[PDB]
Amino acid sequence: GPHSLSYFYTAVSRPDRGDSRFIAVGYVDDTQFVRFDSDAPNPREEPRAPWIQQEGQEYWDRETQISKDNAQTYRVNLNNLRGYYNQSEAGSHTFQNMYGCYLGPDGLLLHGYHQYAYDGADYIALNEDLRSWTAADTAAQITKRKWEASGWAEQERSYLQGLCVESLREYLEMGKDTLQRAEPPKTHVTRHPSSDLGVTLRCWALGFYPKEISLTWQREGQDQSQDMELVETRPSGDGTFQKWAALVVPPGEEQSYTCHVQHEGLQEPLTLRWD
């Protein structure tokens, strides 16, 4: 489906250090490619994917300066939130922001988003028109009025329809051989005689990209989801992902069951059995 570029900012206050820490990571689809961490004497934006590293000095300088500016804006945001909620200066709090753009079939913005959370609760979000805000709570209603007076949503709209889409297009080209290639899962079924009267069959999908996958078990074509254990999809460590789904079947009845693997990298969905 549609490709996207997104960033994820996490700011935490640190009353004991008298400061705040600001971390920002960027992703194209399911692939991280940049980071910034404010907790260094001379912090710089840094590459976290091999294909971004060819960017010139001017790319790195711009991103580093945005990050330094963000670290200050989020330091102030943490103090303003503490004030809105009349919270103690004793405690650490967390403010997160995520925003990004999805690319449409004509190479223009399909959908842009931009939103925040404080201590994990929704705070404020940019609307569909990209020119206005929806507040989740009362403090964010005061933020909303200040931001309408600022008018900065016009410049965020400009970014999401412009630079966000234009840079995503560039990253897709630079990393095309991984970012625009669906890597199919390598699969197998294992068997673990478990119980006096049960055998565990586990259906694995290893090394797949992107993250979206469907693993299901059937008994003679009938879905077994209510009885299967399905683990959360997890990174392989090389930029791909893994997942498994297991279920206990009666002894001697392995031939009655199939695992169905559906992933965009496959030529065809797989039907696997313990053979």
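Residue numbers here begin at 1 and follow the sequence given.
Mean C-alpha B-factor higher for 221-229, or for 207-215?
Result: 221-229.
Comparing 137-145 with 191-199, which has the greater mean CA B-factor as deposited?
So the stretch with the higher mean C-alpha B-factor is 191-199.
Between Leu168, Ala182, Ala153, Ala71, which one tops the list for C-alpha B-factor in the PDB entry?
When the deposited C-alpha B-factors of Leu168, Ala182, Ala153, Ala71 are compared, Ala182 is largest.
At the C-alpha atoms, which of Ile66, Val34, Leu247, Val28 reaches the highest B-factor in this entry?
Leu247 has the highest C-alpha B-factor of those listed.
Determine, from the deposited record, the chain-internal third of the Cα B-factor for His111: lowest, middle or highest.
It falls in the middle third of the chain.
Sort the modelled residues of this chain by their C-alpha B factor and say whether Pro105 lands in the lowest, middle or highest third.
Answer is highest: the recorded C-alpha B-factor places it there.
Could you say whether, by C-alpha temperature factor, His260 belongs to the lowest, middle or highest third of its chain?
Middle third - that is where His260 ends up once the chain's C-alpha B-factors are sorted.
Give the position of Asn79 by CA B-factor within its chain, expressed as the lowest, middle or highest third.
For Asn79, the deposited C-alpha B-factor lands in the middle third.
Select lowest, middle or highest to describe the third in which the CA B-factor of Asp61 falls within its chain in this entry.
Tercile = middle for this residue's CA B-factor.
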